[PDB]
file query_14.csv (CSV, C-alpha atoms and all ligand atoms)
chain,number,residue,atom,x,y,z
M,8,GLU,CA,23.5,-18.0,2.6
M,9,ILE,CA,19.7,-18.4,2.3
M,10,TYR,CA,17.2,-15.6,2.6
M,11,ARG,CA,13.6,-16.7,2.8
M,12,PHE,CA,11.1,-14.1,1.6
M,13,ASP,CA,8.2,-16.0,2.9
M,14,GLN,CA,9.6,-16.0,6.4
M,15,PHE,CA,10.8,-12.4,6.2
M,16,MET,CA,7.1,-11.4,5.6
M,17,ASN,CA,5.8,-13.9,8.3
M,18,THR,CA,5.2,-11.3,10.9
M,19,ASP,CA,2.3,-9.2,12.3
M,20,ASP,CA,4.4,-6.0,12.5
M,21,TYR,CA,4.7,-3.4,9.9
M,22,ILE,CA,7.7,-3.7,7.5
M,23,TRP,CA,8.9,-0.2,6.7
M,24,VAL,CA,10.9,1.1,3.8
M,25,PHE,CA,13.8,2.9,5.6
M,26,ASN,CA,15.8,3.6,2.4
M,27,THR,CA,15.1,3.3,-1.3
M,28,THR,CA,16.8,4.1,-4.7
M,29,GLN,CA,13.3,4.4,-6.3
M,30,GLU,CA,13.3,7.8,-8.1
M,31,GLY,CA,9.9,9.0,-6.9
M,32,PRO,CA,9.0,7.3,-3.6
M,33,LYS,CA,6.0,8.3,-1.6
M,34,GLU,CA,6.4,8.9,2.1
M,35,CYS,CA,5.8,6.3,4.8
M,36,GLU,CA,6.0,3.2,2.6
M,37,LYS,CA,5.2,0.1,4.7
M,38,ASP,CA,3.7,-3.4,4.3
M,39,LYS,CA,1.3,-5.2,6.7
M,40,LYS,CA,0.6,-8.9,6.3
M,41,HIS,CA,-3.1,-9.8,6.1
M,42,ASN,CA,-2.8,-13.5,5.7
M,43,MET,CA,-0.5,-16.1,4.3
M,44,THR,CA,-0.4,-19.7,3.0
M,45,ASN,CA,2.8,-21.6,2.1
M,46,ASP,CA,2.8,-20.2,-1.5
M,47,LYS,CA,0.9,-16.9,-1.3
M,48,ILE,CA,0.6,-13.8,0.9
M,49,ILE,CA,-2.1,-11.1,1.0
M,50,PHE,CA,-0.7,-7.9,2.5
M,51,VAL,CA,-1.5,-4.2,2.6
M,52,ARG,CA,1.1,-1.8,1.1
M,53,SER,CA,0.5,1.8,2.2
M,54,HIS,CA,2.0,5.2,1.8
M,55,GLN,CA,1.1,8.8,2.8
M,56,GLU,CA,0.0,11.8,0.8
M,57,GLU,CA,0.9,14.5,3.3
M,58,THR,CA,-1.8,13.6,5.9
M,59,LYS,CA,-3.8,10.8,4.4
M,60,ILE,CA,-2.8,7.2,4.3
M,61,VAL,CA,-3.3,5.3,1.1
M,62,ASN,CA,-3.7,1.5,1.2
M,63,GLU,CA,-3.2,-0.9,-1.7
M,64,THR,CA,-4.1,-4.6,-1.3
M,65,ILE,CA,-1.3,-6.8,-2.7
M,66,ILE,CA,-1.5,-10.4,-3.9
M,67,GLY,CA,2.0,-12.0,-3.7
M,68,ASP,CA,3.0,-15.3,-5.1
M,69,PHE,CA,6.3,-16.7,-3.8
M,70,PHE,CA,8.7,-18.2,-6.4
M,71,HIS,CA,12.4,-19.2,-6.8
M,72,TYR,CA,14.3,-16.1,-8.1
M,73,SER,CA,17.6,-18.0,-8.1
M,74,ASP,CA,18.3,-21.5,-9.4
M,75,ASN,CA,17.7,-22.8,-5.8
M,76,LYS,CA,14.2,-24.4,-5.8
M,77,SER,CA,14.2,-25.1,-2.1
M,78,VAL,CA,13.9,-21.4,-1.1
M,79,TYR,CA,11.3,-18.8,-1.7
M,80,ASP,CA,13.5,-15.7,-2.4
M,81,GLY,CA,11.2,-14.1,-4.9
M,82,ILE,CA,7.6,-12.8,-4.9
M,83,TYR,CA,5.3,-11.9,-7.8
M,84,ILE,CA,3.3,-8.8,-7.0
M,85,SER,CA,-0.2,-7.7,-8.1
M,86,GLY,CA,-1.9,-4.6,-6.9
M,87,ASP,CA,1.1,-2.2,-6.6
M,88,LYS,CA,0.3,1.1,-8.3
M,89,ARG,CA,4.0,1.7,-9.0
M,90,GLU,CA,3.5,-1.3,-11.3
M,91,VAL,CA,5.9,-3.5,-9.4
M,92,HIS,CA,5.9,-6.9,-11.0
M,93,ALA,CA,8.4,-8.8,-8.8
M,94,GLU,CA,10.6,-8.5,-5.7
M,95,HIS,CA,13.8,-10.4,-4.7
M,96,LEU,CA,15.1,-10.6,-1.2
M,97,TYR,CA,18.9,-10.8,-1.6
M,98,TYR,CA,19.8,-10.4,2.1
M,99,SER,CA,18.1,-10.6,5.4
M,100,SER,CA,19.5,-10.6,8.9
M,101,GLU,CA,19.3,-13.8,10.9
M,102,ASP,CA,16.5,-12.4,13.1
M,103,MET,CA,14.9,-11.1,9.9
M,104,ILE,CA,14.4,-7.6,11.3
M,105,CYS,CA,16.5,-6.1,8.3
M,106,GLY,CA,16.3,-7.0,4.7
M,107,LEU,CA,17.5,-5.8,1.3
M,108,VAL,CA,15.0,-6.2,-1.6
M,109,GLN,CA,15.5,-5.7,-5.4
M,110,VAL,CA,12.2,-4.3,-6.8
M,111,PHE,CA,11.3,-4.8,-10.4
M,112,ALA,CA,8.6,-2.6,-12.1
M,113,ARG,CA,7.1,-1.9,-15.5
M,114,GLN,CA,9.2,-3.4,-18.3
M,115,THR,CA,12.8,-2.3,-17.4
M,116,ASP,CA,12.6,-0.4,-14.1
M,117,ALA,CA,14.5,-1.6,-11.0
M,118,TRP,CA,15.5,-0.2,-7.6
M,119,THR,CA,16.5,-1.4,-4.2
M,120,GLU,CA,14.8,-1.0,-0.8
M,121,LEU,CA,16.1,-1.4,2.7
M,122,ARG,CA,13.1,-2.8,4.6
M,123,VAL,CA,12.8,-3.0,8.4
M,124,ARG,CA,10.4,-5.0,10.6
M,125,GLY,CA,9.1,-2.5,13.2
M,126,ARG,CA,10.1,1.0,14.2
M,127,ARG,CA,13.6,1.3,15.5
M,128,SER,CA,16.8,3.3,15.0
M,129,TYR,CA,18.8,2.9,11.8
M,130,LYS,CA,22.0,2.5,14.0
M,131,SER,CA,20.4,-0.6,15.6
M,132,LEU,CA,20.1,-2.5,12.3
M,133,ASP,CA,22.1,-5.5,11.3
M,134,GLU,CA,25.6,-4.3,10.4
M,135,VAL,CA,25.8,-6.4,7.2
M,136,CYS,CA,22.4,-5.1,6.0
M,137,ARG,CA,23.5,-1.5,6.5
M,138,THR,CA,27.0,-1.8,5.0
M,139,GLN,CA,25.9,-3.8,1.9
M,140,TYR,CA,23.2,-1.2,1.2
M,141,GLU,CA,25.5,1.8,1.9
M,142,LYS,CA,28.3,0.4,-0.3
M,143,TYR,CA,25.9,-0.1,-3.1
M,144,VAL,CA,24.4,3.4,-2.6
M,145,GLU,CA,27.9,5.0,-2.6
M,146,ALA,CA,28.8,3.1,-5.8
M,147,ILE,CA,25.8,4.2,-7.9
M,148,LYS,CA,25.2,7.7,-6.5
M,149,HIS,CA,26.3,9.5,-9.7
M,150,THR,CA,23.2,8.2,-11.5
M,151,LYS,CA,20.9,6.8,-8.8
M,152,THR,CA,19.8,8.5,-5.6
M,153,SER,CA,19.0,6.9,-2.2
M,154,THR,CA,16.4,8.6,0.0
M,155,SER,CA,14.4,7.7,3.1
M,156,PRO,CA,10.6,7.6,2.8
M,157,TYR,CA,10.4,6.9,6.6
M,158,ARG,CA,9.7,9.6,9.2
M,159,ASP,CA,9.2,9.0,12.9
M,160,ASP,CA,5.8,10.6,12.7
M,161,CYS,CA,4.5,8.3,9.9
M,162,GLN,CA,1.1,6.9,10.9
W,201,CL,CL,12.6,4.4,-10.3
call {"tool": "encode", "arguments": {"input": "query_14.csv", "output": "structure tokens", "more": "lines below"}}
Ligand SMILES: [Cl-]
result
Amino acid sequence: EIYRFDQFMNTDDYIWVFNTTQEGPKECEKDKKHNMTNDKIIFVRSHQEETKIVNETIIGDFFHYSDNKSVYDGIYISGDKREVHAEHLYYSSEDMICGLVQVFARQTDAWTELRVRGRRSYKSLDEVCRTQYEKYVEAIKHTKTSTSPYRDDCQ
């Protein structure tokens, strides 16, 4: 029912982008928490340019994306050079290893990301996570493309 973005990011492991519908994604997209209060998270969002890793420090302010004011399902983002303004966790597995995130950027841009806590096989992921994402991907594939920024050999 309820997907807590603050708890999804409450981890010391890397959270990888396993799939995205962003048009021009960099490789090896991942987030790494630096520190966290109840209402705020500082984390490092990195990607790769062939061989070099590029780190961006992100200031994130949790907020209530839905009408439910008891749950932090949204985060306002500063520091993301894709000009991401906000993110919305619309599903996470019970163990919070898998999550689906709507990403909102610039004025009118939006895409979806399948985010995974730690390196693991795609087949091992929460089935609902996988099938919801795959259903969406199949339904929009005529105009929007899903790709995987993740490689095993990402740093
Ligand atoms: Cl895009």
call {"tool": "residues_around", "arguments": {"input": "query_14.csv", "residues": "residue M:31", "least_positions_apart": "3", "cutoff": "12 Å", "atoms": "only C-alpha atoms", "output": "list in words"}}
result
residues 27, 28, 34, 36, 89, 118, 151, 152, 153, 154, 155 and 156 of chain M
call {"tool": "residues_near_point", "arguments": {"input": "query_14.csv", "point": "(18.5, 1.3, 0.2)", "cutoff": "6 Å", "atoms": "all atoms listed in the file", "output": "number ranges by chain"}}
result
M: 26-28, 119-121, 140
call {"tool": "closest_residue", "arguments": {"input": "query_14.csv", "among": "M:63, M:37, M:24, M:12", "to": "residue M:83", "atoms": "only C-alpha atoms"}}
result
M:12
call {"tool": "residues_around", "arguments": {"input": "query_14.csv", "residues": "residue M:88", "least_positions_apart": "2", "cutoff": "12 Å", "atoms": "only C-alpha atoms", "output": "MDAnalysis selection string"}}
result
chainID M and resid 32:33 52:54 61:65 84:86 90:92 112:113
call {"tool": "residues_around", "arguments": {"input": "query_14.csv", "residues": "residue M:39", "least_positions_apart": "5", "cutoff": "7 Å", "atoms": "all atoms listed in the file", "output": "mmCIF file with C-alpha atoms, in the coordinates of the input"}}
result
data_model
loop_
_atom_site.group_PDB
_atom_site.id
_atom_site.type_symbol
_atom_site.label_atom_id
_atom_site.label_comp_id
_atom_site.auth_asym_id
_atom_site.auth_seq_id
_atom_site.Cartn_x
_atom_site.Cartn_y
_atom_site.Cartn_z
ATOM 1 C CA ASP M 19 2.300 -9.200 12.300
ATOM 2 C CA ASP M 20 4.400 -6.000 12.500
ATOM 3 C CA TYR M 21 4.700 -3.400 9.900
ATOM 4 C CA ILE M 22 7.700 -3.700 7.500
ATOM 5 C CA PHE M 50 -0.700 -7.900 2.500
ATOM 6 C CA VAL M 51 -1.500 -4.200 2.600
ATOM 7 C CA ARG M 52 1.100 -1.800 1.100
#
